[PDB]
Ligand SMILES: O=c1ccn([C@@H]2O[C@H](COP(=O)(O)OP(=O)(O)O)[C@@H](O)[C@H]2O)c(=O)[nH]1
Ligand SMILES: O=c1ccn([C@@H]2O[C@H](COP(=O)(O)OP(=O)(O)O)[C@@H](O)[C@H]2O)c(=O)[nH]1
Ligand SMILES: OC[C@H]1O[C@@H](O)[C@H](O)[C@@H](O)[C@H]1O
Ligand SMILES: OC[C@H]1O[C@@H](O)[C@H](O)[C@@H](O)[C@H]1O
Ligand SMILES: [Mn+2]
Ligand SMILES: [Mn+2]
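Chains as they are written, first to last, in the authors' numbering: chain A, 62 to 179, 182 to 193, 196 to 347; chain A', 62 to 179, 182 to 193, 196 to 347. A prime marks a further copy of an entry chain.
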């Protein structure tokens, strides 16, 4: 049950003025595409706080990638769901290498030890995410991200929805035939040249716990099939995520504001904010 | 559980071209505003058929308004949720005056006899809608409309969502201070001049059965309070609907395509289609 919003004073939305005219702000299946200027964060904050929403954030830091956790977590503290309940889940082969990061109130961190693999590290995240009962008991939404990243600006409840993917920053202006989907029919991830909505980035997806369990289960089952058949998708888990989201349309799509690489792509005018960005690495 | 969509061939959405640049297509709380050009109905049809969705449509035809049912129902047959399961619920004081209208397969009609009131006819719909157990057993969504209307074009599953309202065709270009909300603080429907997103039309709202029961319960309770206090809102149930939807934001908003009056307002260029329209009356 959702109680009433309180009185709020904010600018009237005007139907005969769009804020954003430069970009597509809704998918053809009526999912919002989240850009700056499309949301009033005060209204969304009220809505989600009235539900006491808890957001879980998963991150893998295996082998040398433990080095990325300090900046990841410190900047998450500045920018990620501030004001909301947050539970970080750090999956690592080196529990003792997890930095001691000071958290704001209502935020917690759990360290989950996993085995290190010798592509497989990236690909095994789906299996490892699909800690199932734990998440259902502890959080409302799961957000699943790469560790070699930093938050530079607001990443908040505007992302939350049953199922979301993020537009890959190298492909948002590309035609579908250019997308690097898996193109071999022998793979479970196969997508023909005349199919596809978007090319989603494997490093930032999420949703409700139920929908995230569904996705990671389906992608892990599809990768197992490929394994059995002696085929490895061109972009590993990302290929499978793309096949899933083609057949199960996300209920929001995040703009490239939410997964950017300023060294490789600069700062185009279409991006008002650079919210979550790649950290330079070998 | 939602099974996979089948392969489909359709135009790629392009992120750096919006279809609609002339109008706001998403609210500041990230609800789509449904205009022609914003949706691919093939994708939406697939999604909703995979769920075997059943849509209930409520209409009141009391006293002389029974005359409007033939055209209402015949045009609903041509345009309303065609291909989906539909259950019409016709609330009337004259069961024998309900015309015999031939229905397509998978569609049914029930006649529910009510008492006629001597404003009260309009206002009592909320109470009468909130047949509660019946709807929960028989339909997935409820759509609640005025009878003095005709379908002229497609009205389909693009509307379905947990909770929707429709932009009133006289006010979609107006500033909020011009909206005819109830302005007396003594009414439960009161909305101050600096509040309000939109002015929703009382003649077309809906949602999931749960959310529609919530709305009609809340509006009926608020009208009872007003009654007890000797105040009748300026626009009756519509005033209360507007207060509800201010405090409980709809998950889609329908454009004025979905409730138009061509005699009073013509056919502006911003309306690509006129889908559900007023029938001329005294
Ligand atoms: O040795 C490794 C390789 C990968 N990863 C995790 O897998 C994610 C995906 O790998 P990576 O970021 O290297 O892919 P890229 O973004 O360079 O294509 C990383 O962010 C880490 O979260 C890891 O923890 N250790
Ligand atoms: O005598 C009446 C008055 C109203 N209504 C029902 O209440 C709705 C709202 O009334 P009306 O359409 O007259 O409001 P208007 O659109 O003229 O302001 C009507 O469409 C009918 O569905 C009715 O059935 N009989
Ligand atoms: O073409 C797909 C690839 O594009 C790269 O820019 C990215 O580093 C890879 O991880 C993969 O997403
Ligand atoms: O101002 C509100 C009113 O606007 C009229 O156009 C309509 O006929 C009324 O039923 C009411 O909605
Ligand atoms: Mn990465
Ligand atoms: Mn009417």
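All C-beta atoms in this analysis are idealised placements derived from N, C-alpha and C, irrespective of residue type, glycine included.
Label residue i either buried or exposed according to how many other C-beta atoms from any shown protein chain fall within 10 Å of its C-beta, with 16 as the threshold for buried.
i                       : result
residue 94 of chain A'  : buried
residue 332 of chain A' : exposed
residue 259 of chain A  : exposed
residue 178 of chain A' : exposed
residue 281 of chain A' : buried
residue 165 of chain A  : exposed
residue 202 of chain A' : exposed
residue 328 of chain A  : exposed
residue 102 of chain A' : exposed
residue 314 of chain A' : buried
residue 71 of chain A   : exposed
residue 62 of chain A'  : exposed
residue 65 of chain A   : exposed
residue 334 of chain A' : exposed
residue 336 of chain A  : buried
residue 214 of chain A' : buried
residue 303 of chain A' : buried
residue 294 of chain A' : exposed
residue 210 of chain A' : buried
residue 157 of chain A' : exposed
residue 144 of chain A' : exposed
residue 113 of chain A' : exposed
residue 262 of chain A' : buried
residue 307 of chain A  : buried
residue 197 of chain A  : exposed
residue 111 of chain A' : exposed
residue 69 of chain A   : exposed
residue 289 of chain A' : exposed
residue 345 of chain A' : exposed
residue 81 of chain A'  : buried
Does ligand 2 have a heavy atom nearer than 6 Å to the CB of residue i?
i                       : result
residue 192 of chain A' : no
residue 341 of chain A' : no
residue 194 of chain A' : In the model as presented, chain A' runs from 193 straight to 196, which leaves residue 194 of chain A' without coordinates.
residue 185 of chain A' : yes
residue 121 of chain A' : yes
Taking only heavy atoms of ligand 6 into account, decide whether any of them is closer than 6 Å to the Cβ of residue i.
i                       : result
residue 213 of chain A' : yes
residue 268 of chain A' : yes
For ligand 1, is there a heavy atom less than 6 Å away from the beta-carbon of residue i?
i                       : result
residue 131 of chain A  : no
residue 200 of chain A' : no
Going by DSSP, what residues sit across from residue i in a beta bridge?
i                       : result
residue 273 of chain A  : A/206
residue 93 of chain A'  : A'/87
residue 325 of chain A' : A'/342
residue 317 of chain A' : A'/229
residue 122 of chain A  : A/153
residue 115 of chain A' : A'/146
residue 265 of chain A' : A'/232
Verify the contact flag: residue i, CB atom, against every heavy atom of ligand 4, threshold strictly below 6 Å.
i                       : result
residue 325 of chain A' : no
residue 231 of chain A' : no
residue 332 of chain A' : no
residue 239 of chain A' : no
residue 252 of chain A' : no
residue 136 of chain A' : no
residue 300 of chain A' : yes
Is the beta carbon of residue i within less than 6 Å of some heavy atom of ligand 3?
i                      : result
residue 235 of chain A : yes
residue 90 of chain A' : no
residue 245 of chain A : yes
Segments assigned beta strand (DSSP E), at least 3 residues, entirely inside the stretch 213-245 of chain A':
With a minimum length of 3 residues, the continuous beta strand (DSSP E) runs that stay inside the stretch 213-245 of chain A' are 214-216 and 228-231.
Note down, one range per segment and in chain order, each beta strand (DSSP E) of at least 3 residues found wholly within the stretch 126-178 of chain A'.
Entirely contained in the stretch 126-178 of chain A', the beta strand (DSSP E) runs reaching 3 residues are, in chain order, 146-153 and 168-174.
Of all the residues that make up the stretch 246-258 of chain A', which are near chain A by a beta-carbon distance shorter than 7 Å?
Taking 7 Å as the Cβ-Cβ cut-off against chain A, none of the residues of the stretch 246-258 of chain A' qualify.
Taking any Cβ of chain A', which residues in the stretch 206-227 of chain A have a Cβ under 7 Å from it, in chain order?
Within the stretch 206-227 of chain A, the residues whose Cβ lies closer than 7 Å to some Cβ of chain A' are 223, listed in chain order.
Select from the stretch 96-108 of chain A all residues with a C-beta closer than 8 Å to any C-beta belonging to chain A', and list them in chain order.
If the cut-off is 8 Å between Cβ atoms, the stretch 96-108 of chain A has 99, 100, 101, 104, 105 and 108 near chain A'.
Compile a chain-ordered list of the residues in the stretch 68-83 of chain A' whose CB is closer than 9 Å to at least one CB of chain A.
So the list reads 68, 69, 70, 71, 72, 73, 74, 75, 76, 77, 78, 79, 80, 81, 82 and 83, given in the order they occur along the chain.
Give me the subset of the stretch 112-145 of chain A' whose CB atoms are less than 8 Å from a CB atom of chain A, sorted by chain position.
So the list is empty, because no residue satisfies the distance condition.
Closer than 9 Å, Cβ to Cβ, to anything on chain A: give me those residues from the stretch 259-274 of chain A', in chain order.
In summary, the residues of the stretch 259-274 of chain A' whose CB is separated from some CB of chain A by less than 9 Å are 259, 260, 261, 262 and 263, in the order they occur in the chain.
Which residues of the stretch 229-242 of chain A have a Cβ closer than 8 Å to any Cβ of chain A'? Give them in chain order.
Taken in chain order, the members of the stretch 229-242 of chain A whose beta-carbon sits within less than 8 Å of a beta-carbon on chain A' are 232, 237, 238, 240 and 241.
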